Every structure is written in C-alpha cells, then in structure tokens.
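See below for the structure under consideration.
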Amino acid sequence: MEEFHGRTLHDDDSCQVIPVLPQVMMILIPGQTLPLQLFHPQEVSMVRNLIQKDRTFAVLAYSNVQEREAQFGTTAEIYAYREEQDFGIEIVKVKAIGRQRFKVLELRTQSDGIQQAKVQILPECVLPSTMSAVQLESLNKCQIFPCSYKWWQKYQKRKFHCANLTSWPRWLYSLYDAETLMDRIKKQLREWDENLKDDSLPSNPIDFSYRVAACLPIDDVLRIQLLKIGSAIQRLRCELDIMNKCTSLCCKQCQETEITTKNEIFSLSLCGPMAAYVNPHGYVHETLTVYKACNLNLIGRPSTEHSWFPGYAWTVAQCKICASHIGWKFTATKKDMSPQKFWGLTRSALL
Amino acid sequence: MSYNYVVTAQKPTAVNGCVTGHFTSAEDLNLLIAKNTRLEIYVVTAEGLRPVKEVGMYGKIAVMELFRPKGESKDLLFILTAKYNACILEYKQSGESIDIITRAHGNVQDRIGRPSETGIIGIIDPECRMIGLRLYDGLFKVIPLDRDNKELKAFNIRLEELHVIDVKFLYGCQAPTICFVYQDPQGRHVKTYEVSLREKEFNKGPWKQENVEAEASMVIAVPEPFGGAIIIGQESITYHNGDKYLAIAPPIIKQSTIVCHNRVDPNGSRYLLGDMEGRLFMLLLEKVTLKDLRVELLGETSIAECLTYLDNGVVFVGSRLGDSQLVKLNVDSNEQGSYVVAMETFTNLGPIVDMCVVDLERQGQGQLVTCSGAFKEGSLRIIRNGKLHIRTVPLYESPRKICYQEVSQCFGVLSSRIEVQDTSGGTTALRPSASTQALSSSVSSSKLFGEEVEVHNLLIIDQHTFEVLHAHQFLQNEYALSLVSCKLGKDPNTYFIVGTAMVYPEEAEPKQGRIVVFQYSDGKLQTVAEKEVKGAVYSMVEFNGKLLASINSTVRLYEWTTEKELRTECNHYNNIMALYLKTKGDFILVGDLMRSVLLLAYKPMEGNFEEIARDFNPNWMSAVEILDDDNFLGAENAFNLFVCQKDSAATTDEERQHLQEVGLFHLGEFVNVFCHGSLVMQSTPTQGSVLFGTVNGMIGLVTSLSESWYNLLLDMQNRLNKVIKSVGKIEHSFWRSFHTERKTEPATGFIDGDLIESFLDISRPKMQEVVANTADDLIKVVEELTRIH
Amino acid sequence: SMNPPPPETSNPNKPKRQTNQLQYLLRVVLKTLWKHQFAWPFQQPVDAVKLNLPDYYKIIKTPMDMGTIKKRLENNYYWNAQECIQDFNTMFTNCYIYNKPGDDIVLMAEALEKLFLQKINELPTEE
Ligand SMILES: [Zn+2]
C-alpha cells in the first residue's frame, strides 16, 4: 500500500465541509486504525478526490441506524491507499486513522449520490494539573519525584500538599488526577491481559483513554457518551464508570454465553480471589474463585494430582458452545471441607 | 445581561514575597512586602517598622527582587506578574507627593510552550547585567539590563534539561553563570552553564556535572570570598565550587524539609532556614575557603513561605497560611541558648475554607466567622466593622467546616489533626490542639512505620467567650466533609448532621460513608441517628424540613420521621460526580470539579427530581452560589468568576435546557466557599449580598445591578484608566479579562469596585476630566457603593 | 498464541487414485472410529487458543486429526493405503508424546487404536 507522511489538522470550532462515506456505519475513535475496501466506482471516486485534497473524510456516529440520524462524528485520515485492478473492475483498499471529534450541524445529500455534512470541530480541551492553580511558591520544587502501595501514598501527600488551603482534601483530587486514574484502568487491564503497561500501554493521558474505548464492549450509546468527552479527565472517569457498571462475565470466544457474575466472586486465597497459579508443565494462569457458574460442561474426571487449592480434585471444565478451556470444578475430598464445590475458571477465557 | 458589582472589602494579608535592600533612599534600609496584588513599602527601624506608601498592582506578584546597576544610586525593583508582565520600578518623593514610576514595561509570554512543574523562577545576576526567567520546561528566557532596553526584548535559549528544580546566579565570576539541579532517568545532578550575549547560545560553565542527593531541591548562591552554591535536600546540606566539595548530614532537618532561605551576612557566613513545620534553622559557614558547615535550631515560628533579615536580630516571617511575625533571635550571648521571641503579630486571614455571617452581639450588623490557617496555624477569626476588627481564636489543628445553632448558642466546627504512628500500635499528637484541650471528649460506635495519620474531630465552641466545650473524635480512616445545623421534619430540637466518608489507601473511590446526627442540650453532645451509605457524602443542604445528601454521583433526600431516624424517599442518579450543592425554595444546584453545571428541581407531584438546565464546559471548579432563580455565581480555574443565566421564557425546549454564560471576570483570587449576607448594619441601589473568602485572605462582596447602573459604571471604567497611572504600565482591560492557558476573553456582566472607589482617592482635576461628557454629583454615587461593605 | 493452517485435504500437485483399500479405510475403518464415544476431541484439530495449549504445536511438528482424514478420503487425496495408514498413526502418536499417561484424553486415543488395529488386520489387497 502507498504510504503518506503529511498530517492535516483543521482549526477548532471552525466550520468545515467534509464528505461522509456511506459504507462506514461504525463509530470511529480518534487515532483508531480502520481497514476499508471500497468496490463502488462512485465510492472509489470520492477517495480519488480526497488523496488530491487532504485525505480527511467524515465518519458519522449513528444514534439510530434506521433513520441514519447522527448528532456527532469523527474525522478520519487516509494514510495508506492501494488501487488494484482485480478481474476487470476498479477496487480500492483504504487504511483510515482518527484525527478530531466533531458536531454534526446539517446532513446534505448530493444529486450525484454521495452525502456531505456541515461539520464543526469539537475543541479537545486539555486541562493541566488541578494543583497548578493552588500550589505555593515554596512547595513548587517538591512537585518533581525521582512496592506499588507505598509510591501512591507519597505521591498523593506531596503533589496534593496544598489541599488544606482548599475546601476539598488530597484524595478527592486523586479521583480527578489523570496519572492516578490511568493506574485504575491499568489494574483491571491486567485482570484480562498479561501485557506489561511499559510497552503495550501508552503514556499520554488522552491517547491511553481512546485505546480502552474500543476493547471494552461498548454499545453505540456508551460510545457516544464516551465521545461527547472533549477532555482527558472526562474520558478516564467514564472508563471507570464502565468498569464499575458492566461486570458481566462471559467467554472471550462466545462473548454472549454467560459463565458467572461479580456477586459470586469469593475470597478463599489470602491474595484475594485471583492470583498466579501454575500447573505441572509451566503455564502461569490466574484462577478465579466463584460459588456457582452457569453454561459449563464436565469432561473426563477430577484428579487430585498437583492441585493449586488445598485438597480439592479438579475436573476439566469446558464451555457448552465454543468448547474452550474455561477452567475447573474443584470438589472437596473430605466431608469436613467448605466450600464443598466451587469453580476455578482461568482469566484467559474470562471476559 | 447579568450586571454585577465586585468590590474588595478586605485586602489580601498572605505574604508571597519579601526582600531587603534600599528602595526609597541609598542610606535607608527598606523592606518590601508583597501580598498577592498589593505592594507595601517600609523603612527598617530599631523599634520595628515604619509605613510610607502602599500601592495596588494589576497582577499576581510572583517575582520580586532588588538590584543595583552602574550609575544608579538607589536599588530598582523587578516585578513579574502571573499574567507574564515584566516591570522595573523606582521610588520618587518630592515634598509630599509620592509617585512610583516605571522605567521599562513589557510582556514576556510565549505563544508556544507548556508551563513547568516548578512554574516561574526569578533570578537576576549579581553584577546586574541580565535577568534570568525559567517560564517553560527546557526554555530559558534572558532579558538584558540596559538603558536602551525600554521595550524589554527577550530571547529563549534551548536547554537540554527539561526538568529544572531550582536555578540561581553564581558569585565570583566574570561572565554570567547559572547553577541548577536537574532530574533524569539516572537520578539528580548539579550542572553549570555560561551565558554569552553575543552568541545568544549556552556555553560550558566553571565545572562539569556533579552527582547530588536524590531529593536535592534547594540551591543557594554563595558570595565572595567563599563563592559557589550550597545545595540542601531532605537529609543533608551539600557544598560545591568545583574541586571543593563539603558534605554534612544533620538529623534535626530530617524531620521537615527546608522550603525557604535568606542571606544574613554580606559575605555569606550566616543563613536563615525555614522548613514545612515552621522550625527556624541556621546555616553557619566557617573560615577564602570553607572549613565546615554547621546547622543549628533556633526555635518554632510561623510556617514561613519566604524569610527576610532586617536589623539587630529582627527577622520578619512571611507566612501564607499563618500570621506574619517580627521575631527576635538570640544567636549572641553564650550564657543562654538560642530562643526566638515574637514582637509583632500581623493579622493573616488566608486561607479561608469556610465562612458564615452570624449576628452575635449586634443582632443587626453582620459578624463574619472564618476557618483560617492550617495545621498548627489553624485559627478562628471574627470579623466586624469598627476599619475592620479581627478576633483570633487558636485551635492548633486544620479547620474544615463551620455551622451555627441559635438554640444551643454554640458553633460546630470540623477539625483534622495530625498524629504520628506509634511503635507498639497507636497514635500520638505532635502538640496539644483544641480537640485534646477540650473539657469533654466523645467517641463513635466501632465496626469490624513512622507515618502521619489524619484524625477528625467535631468541635463545640462558645459564641461570646469562644471556649472548646465538647469534642467528638471520629473513627479510624474516616474523613469529615459536610456539616449542617438545622431542624429536621416535625422535630423541634436543632441537630448537627455530619456527612463523613471512609478513606482507605487501597480504596481510591470511597465505598463507605456515614450520616451521623448530633444534638446539643444541657452542655452535652449525643448521637441521635446513624445512616451508613454505599459511597461518600460531599455536601448537604436543607430542603423544606428535609435533608438532601449526595452519594458519589446520586442525589438523595431524607425524611425526618417520628422514630428519630433518617428515611430514604427518592434517588436521583447523575452522569457526573456530585460535589457542590446549593438550594433556595425548590431550585437545586449541582456541580463537580470539571465545571459541569446542572440545575434540578424537586417535583413533589411525582415525588422525584426533574432535569431543568445543564451547562458542560471543562475547567477546574472551586466554589458556587445561587444569586436568584435564573442567575448563579461560580468560581473556576486561573482565578476567575463566571455567571450563567437560564431563560424560563424560551420558546424552544433546547434553549430553556441550555444555560447562557453571561458573566466573565478575572478576580486574581481563588474562592473555595460562598455564603449570603452583609457585614454592615441591616435604599440600596445594589441588589443582593454575597460575601466570599479566599486563599490569600482577600474578602469581597458580589451584588447584582440594574441595566442603567451597569452602563453608567462601565463607561466610567474606560475613562478612569486614562487618568489613573497603572503600577507597572500594564492594561486594566488586559488584567481584568478572562485568563486561561488556552484562551483570553474580554470581561462582560461585571463591574470592578476597586476602580470605581479609587475616584474618591484621586485629585480634583482628574475628577473633572472623567465627568466631562457634575464632579461633586458623581462623588455621591461612588460614596453610595462604599457603604455596602 | 497463533493457530497454524489446517492440513491440505485436496491438493492438485500430490497424485491420487480410487482403490478398494481406501474404500475400506472410509466405510469400515473411519465410520466405526467416528461413531465411537471417545472420538469427539479428534473430529477436529486440537486448538491451541480454545484449549490454551501454546507449546503443543512447538513440540508436535506434524499434527493431524480425524476431521482432516475424513475430508481427504471423501475428496480422494491418497494414492495407496500406506498414505492413509500414516495419517491415522501420526494422529494417535502426537497425543502420546504431549499428554503423559494417566490422563482421560490419553485413554480415548488408546481406545480408538484397539478398534483401528482389529479392522486394519482385515485390510484386503489392491484390486
Ligand atoms: Zn464460550
């Protein structure tokens, strides 16, 4: 594919006329990669107009798929394009990337067939430190800083030392501090993926929030409420809202079949419910402790040979639909052991 | 559309800067005191201090330094505001008329560049040739000190080190050199760079990068014959000159990190030190070359922001949180040890976290009670018109909230004290505070190192004698937020409702909170109703005999039953986290820290809350108040005030649910709380009365006005700017305009009382120059606007 | 982990012919082994992602399953009997190297081979 270097960015709140692709229906996140393939000659014609212009095309955030109604949308840039003449007809492959959020003013459809939209660029307001407006001239040098529990305790007391001057305390501003908030998302991100925050996760607060917006299952409505955000602090807060509202535990392959819930999560191990658990070969799997779990079949027999939990036999528990290795069904051998039967599902299969 | 008047009733008292030199005369020693926007001039005397001239400036003072270049007999003062305005001033006195003049004026703000963590560092070369200002990370501004440089030309030189902790100018050098400590992935190093005016580029210094302490924060310039710079961190006081390096680690400075420093001797032998715990230390230099550095404790003073040495052991403590003290030091006389003696105590109201207008003795004239100071400097202040009399009540603990009960005749004050962790397993107070010094103590019902632990207490203080009668100690890991004193339901007794929240180091969001109820009768405090809720209780308000409490984001209302218990009625969920609550009649105001205003009204027919109008704009919010049914006063980021008006006569649903931002004004002060009423005795051309307390101690009043009064005052403002000379030649239209790091907007729907009232102070020809389209007819109108405060 | 592509069921390069030995290897050998109860974890290739076995393909360079053998005999991929015979043999051996004796999954593989060996002993000569 033919690569591009140029980066185009329109002015804030300035009204711009940008065409909308009809094939694109899904809501776009700023900076998100989109693999498109357009067959229609008039659709390939719009792309041919963009490359010579500025490669910036509009993607509507459709509130209702029926009436095609969309109050918001995101601008997408064509960084790569390829024109392959396959079996006789002209086909184009377009790689899109989000640039700026926008408010839809008016939807006007041309006599040619394609549709255009009156676009107003949403201001990406980036607020700095909350302490910046109240920090004393003497404590200014203490702001720079050279076991994870100890760090955050010292981080709060030092950066937010001027909290006594305001009506609100130290810990209150932590709920609004980007660095503190980013760590809360990182915590639950580790509860699903083994990837370290050093390389897989970005450092910039605005960019980091946008990546999360896609992974976590968010229906159009949540995605719109997620885009109405024009500031980093409003984005991470909303990501925490999703983490504290949709606890629905499913299978990573099924995505629809329910395994268990947050209510059934019980603390047996002293680390909590889930910690690192290695079987005979050398696999590091984080095993969840739950009372009851639905949609799980029992294959073979429960063997007591190398059991993580003390004196429990592990039956090979699998899903009823995809047949993925979800975890185990630990049963008590002795009559004086409780919980008698509880599920030992690994993180890798848990959603 | 809004039309409002904002006048400074009380000037800010918190000292931000204090330097000693020769401003008025070359022979007379002068002390300059900076109080946020106000400037004070004093002549150093053996008895104390003498006042000569006090001038108001149109900018938040951040940089203030005295220097003497060649040709000039007396020292010139350099002032840099928060609005980035460089100005050089000199004292002028002929017969009786005093007029401070500006030799050079100009702006030093750049269109590109992010503000640094340390902010602005103001340092001027000892030989008085150049001014060094670190405004942004990695960028260094150099402004020359010449007679030709009147417009103040500035150039930014690219520096390799982004994160700079503290920068100062070196002594005993031909070319100007800057010494600084930077942070990098390796640790912390001290580096020097030589400045050249010709090349306009940085060059190699007198010595290479040397390794220092991991917590090295302060850098002090050392004059001749010693030379070099002293670097003090948290544990030790290091010395550098090149090949020469001296290190001493005192255990007495380990208790609290030194934040401020001052030079005593003209050669560099004695140095005043001030930590976070208000302790006063002395840095002694032994002797061309240094023999050894000695650190000695003097005593206990106010939490110093900046120290200054005057004459004959008289030291002026510049405190932002506590009272400014003129303390005497006993360094001399080997017979008796080092002891500090306070001589004069300057009243400091800053900071103000909670305030109330309560009639105590007058029953007509409003008397304001403020929760001033922090930590050991935390004290109660009673303000009334005399001139304004201030009555101080020490607490020795951080005050949070205040409430009044006319039935029990006492004040309910929230307090937070610091208690260090014990080796065996417990806590012990640093010094006896109002809570431990109380007549009677009480504890709540329980459920289920070397670290400072914050413990909360509910204080009961008298309204005439001001004595700590009762103190209610709060549970472990519990933080108090809201406290209201009002009658609930059909109950005739007046209760104190507490909106506590459980804070844990591991729990970022508070998942636990209590709604404790207290009654005060026969000089005894008692627990009435305990209501545990899943979340934090930030703010509470009374709604027609019912208690409204906010749990995280949700807004809840409680009914007061005959069983003396709190009962849930209806829950109103919200997208944003509820933090600010204000009410009048039926209208309820909701606000967060991200400046997302939301108006709700309790519909009693359906038995719930209906969303009326909402305004979403991202900014750091701090304080809010309802002016009327449509107008509401709010305080946001970068020391500004805003007013948003709704329209009940809007033809479209989208218009009436939208709030129009009609109010824009830069106060130059940070407001944390708002309360109704007036300090004066109760035919006013001003509508309503809203008083406010700030971080620096500046107390003012916000009041609505009519359409005619606004235009009459607005046109007076543009004329007064022409006659009144601005201190530093900085525009009033630029200073009062809405300021933010991303945008600048003009002031609308606001009238500055500071410029209107100045018409009485200025002379008669300047009075006649404004009224000319009447001179004495306008005076009576200005005099009407002075009576209100 | 990455799942490698399934083995080629139909290929134009490799020669193929319809013999009576392959007819018996589909209607008698395959059918009986397919209708058995312990045949379900072999009716498809052992998935490295579903069962979470990433080092499975790192050891087993030649993986096979009955599902591949069923399509190969139906689409006619083998020339002689030995090519179809080698496919069944590799199938069982792969699990024997990976899964240690005593496992429930080992017991099924062995149960199918006993029924496989009794039928392959009755394999006729080419017509
Ligand atoms: Zn599944």
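Heads up, residue numbers simply count up from 1 along the chain you see.
Header lists the method as X-ray crystallography, 6.3 Å.
From the backbone N, Cα and C atoms, a Cβ is placed for every residue, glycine too.
Between B:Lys447, B:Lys722, B:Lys729, B:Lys766, the residue that has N6-acetyllysine written against it in Swiss-Prot is B:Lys729. Compared over the modified residues B:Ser2, B:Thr774, the count of CB atoms lying within 10 A of a residue's CB peaks at B:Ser2. A break of 11 residues separates B:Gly386 from B:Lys387 in the model, and their Cα atoms lie 5 Å apart.
Between the CA atoms of B:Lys729 (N6-acetyllysine) and B:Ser2 (N-acetylserine) there is a gap of 31 Å.
Using a 10 Å radius centred on the Cβ of B:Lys729 (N6-acetyllysine) and all shown protein chains, the other Cβ atoms total 16. For the gap of 7 residues left open between B:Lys287 and B:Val288, the distance from one Cα atom to the other is 7 Å. Taking the C-alpha positions, the distance from B:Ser2 (N-acetylserine) to B:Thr774 (phosphothreonine) comes to 28 Å. Secondary structure at B:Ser2 (N-acetylserine), taken from DSSP and collapsed to helix, strand or coil, is coil.
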